[PDB]
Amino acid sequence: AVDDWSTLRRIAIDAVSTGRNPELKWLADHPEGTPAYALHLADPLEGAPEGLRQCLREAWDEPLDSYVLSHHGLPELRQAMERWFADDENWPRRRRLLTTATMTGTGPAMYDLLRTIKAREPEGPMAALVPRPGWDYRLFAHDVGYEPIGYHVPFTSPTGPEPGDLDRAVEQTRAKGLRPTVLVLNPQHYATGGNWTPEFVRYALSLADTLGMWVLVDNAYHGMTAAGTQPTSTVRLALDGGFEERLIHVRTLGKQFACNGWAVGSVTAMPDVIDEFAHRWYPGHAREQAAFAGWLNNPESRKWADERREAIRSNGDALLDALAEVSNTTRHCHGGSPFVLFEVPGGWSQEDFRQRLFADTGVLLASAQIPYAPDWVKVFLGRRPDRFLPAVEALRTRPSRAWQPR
């Protein structure tokens, strides 16, 4: 019965404009004293696991407020992070890649990695091959001086692009007179729920090697596939295939541990690359770095992550059942990243639909943002069940004409 309104008010309401996104106006107009549930972002508002917050609390009296004098972050965090991800992703022990810590988000990290690659490569016309739909890679690419070229990602298939989808992007890059310079992969895919095939990832890695392209793999959701799913590990496939020199792995700790605002993540690449990245393109936030190191070295973190994969599975099942009671549109729950997709009832468009649904039920859902299929909705599943299931209940019990085709 516990909702999100008090927290949404604290983080989204202000006396000046809070942003251009429509949902911020809906929140500003939301009736005070009535429930509101936020399922539109991969961002659990109930907060981080207690074990992590306890690490932060217990160090309040330690001198952790200054600059951090290693540009790569605290060694204790670098080590605990590389350990946790290498185990999670079954990295081989025989590797030359080194791991550096990032403290202001992996968005900024991939922006500066695109600049790092650009600095290492001969000046010329540069394409970044990015998944479409996908996360925000195209925005960083454009601002750094690459033309972003989308490769098709089907949302109706649990298994992601086929090799021919990549080939078509390479062909369009050549037709535009550009060199294919970096390929972004995101096999636990934001935000279709896909878990791309080892077949396609191996194809992508071999094609990149043939073309001399860099491969940037974003593994934000690798550890958050629904229980019973086997996530494809790009680093394992790449190193076993002998593609290492131009591999860059990026992964936020925030999506993994319900703490997006902590902004701690990791970048793993060849030594010369992480050296240029960290020095050319002092850090801070030692309190977050010290707290994460203690948490990741605690076996409770692995237990909590395992339990969360089971919650993602059961949460999706519960949402699917509710959607079946209130609606008759197509639904997907592919299990590869923690999102459910469903089609907007006929005669509605997705924005009007979500606005009306939020007014009638208090449940705020997100546009799926699929460019070739705009009128689909996406629902994030990576929340504690005691905070996700009340939102499902509101959908199942509060009537709305949003569900009825026009």
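Residue numbers here begin at 1 and follow the sequence given.
*Asks:* In terms of residues present in the deposited sequence but not modelled, what lies between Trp281 and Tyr282: none, 1 to 3, 4 to 9, or 10 or more?
*Replies:* In the deposited sequence, 4 to 9 residues between these two have no coordinates.
*Asks:* Taking only the CA atoms, which stretch has the higher mean B-factor in the record, 379-387 or 393-401?
*Replies:* The stretch with the larger mean CA B-factor is 393-401.
*Asks:* With reference to the PDB entry, specify whether the mean Cα temperature factor is higher for 134-142 or for 227-235.
*Replies:* Per the deposited B-factors, the answer is 227-235.
*Asks:* With respect to the C-alpha temperature factors reported in the PDB entry, which of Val340, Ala59, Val344, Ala28 ranks highest?
*Replies:* When the deposited C-alpha B-factors of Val340, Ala59, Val344, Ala28 are compared, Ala28 is largest.
*Asks:* Between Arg302, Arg179, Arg120, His285, which one tops the list for C-alpha B-factor in the PDB entry?
*Replies:* By C-alpha B-factor in the record, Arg120 ranks first.
*Asks:* Among the modelled residues of its chain, does the C-alpha B-factor of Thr197 lie in the lowest, middle or highest third?
*Replies:* As the PDB entry reports it, the C-alpha B-factor of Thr197 lands in the highest third of its chain.
*Asks:* Determine, from the deposited record, the chain-internal third of the Cα B-factor for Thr361: lowest, middle or highest.
*Replies:* Its C-alpha B-factor belongs to the highest third of this chain's values.
*Asks:* Sorting the chain's CA B-factors, does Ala15 end up in the lowest, middle or highest third?
*Replies:* Within its chain, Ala15 is a highest-third residue by C-alpha B-factor, going by the deposited values.
*Asks:* Based on the deposited C-alpha B factors for this chain, I'd like to know if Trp84 is in the lowest, middle or highest third.
*Replies:* Middle third of the chain for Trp84's C-alpha B-factor.
*Asks:* Looking at the C-alpha B-factor of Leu98, is it in the lowest, middle or highest third of its chain?
*Replies:* According to the entry, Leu98 has a C-alpha B-factor in the chain's middle third.
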